[PDB]
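Survey of secondary and tertiary structure
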Amino acid sequence: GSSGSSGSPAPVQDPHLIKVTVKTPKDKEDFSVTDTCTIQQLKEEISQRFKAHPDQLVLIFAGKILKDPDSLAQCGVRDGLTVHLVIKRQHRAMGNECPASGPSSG
């Protein structure tokens, strides 16, 4: 069936890099971020994975909406935990037409 271009064994070591599973009413995906990571920081991550502006994405854990200044560890998230996300989908546009250029070698 579905295939995945993968050419690398288990990941290297890390500090407090924990895994967080995002449960959405449309799909679910696992993410990898440090417990110190903030809620707002994750949004910018799930925004591309789910294709939804981080200004709508809503995280829910322990029956309480995670706070920006509340890191994954502050909310109660850990390596192997899940979080039911809910996209408000309050955006009617396709971003902003502009050249997306990146940095050079280095």
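Residues numbered from 1 in each chain as written, not as in the entry; some residues may be left out. Heavy atoms only, no water.

Looking at the method field of the entry, one finds solution NMR.

Our next topic: the layout of surface pockets. In this structure, the largest pocket occupies an estimated 210 Å³ of space. Every residue lining the largest pocket is listed: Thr 24, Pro 25, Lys 26, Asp 27, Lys 28, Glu 29, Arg 49, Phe 50, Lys 51, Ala 52, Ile 87 and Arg 89. Contributing elements (two or more residues each) for the lining of the largest pocket: β2 (28-34) and α1 (39-50). A breakdown of the residues in the lining of the largest pocket according to their chemical character gives four nonpolar, one polar and seven charged. (1 Å grid on protein atoms, 1.4 Å probe; cavity = no way out; pocket = protein on both sides within 12 Å on 5 of 7 lines; lining within 4 Å. Points joined across faces, edges and corners; volume = space filled by probe spheres on them. Helix = DSSP H or I, 4+ residues; strand = E, 2+ residues; numbered from the N terminus. Nonpolar A, V, L, I, M, F, W, Y, C, P; charged D, E, K, R; others polar.)

A complete count under the given rule lists one salt bridge for this structure. Where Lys 28 meets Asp 30, a salt bridge forms, and the shortest distance between an N and an O atom there is 3.0 Å. Residue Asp 30 is classed as partly exposed on the basis of its relative accessible area of 37%. (Salt bridge = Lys/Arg side-chain N within 4 Å of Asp/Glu carboxyl O. Buried < 20%, exposed > 50% of the residue type's maximum accessible area, 1.4 Å probe, protein only.)

Counting 21 residues, the largest nonpolar core has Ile 46, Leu 59, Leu 66, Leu 72, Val 77, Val 83 and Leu 85 as its most contacted members. A total of four residues in this core trace back to one element, the largest contributor, which is α1. (Core = buried A, V, L, I, M, F, W, Y, C linked by side-chain atoms within 4.5 Å.)

If you walk across this open sheet you meet the five strands as β2-β1-β5-β3-β4, and the pairing is mixed. The open sheet terminates on both sides in strands that have one partner only, identified here as β2 and β4 (64-65). Alignment of strand β1 (residues 17-23) against strand β5 (residues 81-87), held across four bridges, turns out to be parallel. Across the sheet, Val 22 pairs through a bridge with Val 83, a residue of β5. Helix-sheet contacts for α1 involve β1, β2, β3 (57-61) and β5, and the interaxial angle to β2 is about 145 degrees. (Pairing = 2+ DSSP bridges. Contact = heavy atoms within 4.5 Å. Axes fitted to C-alpha atoms, helices over the stretch in contact; angles between N-to-C directions.)

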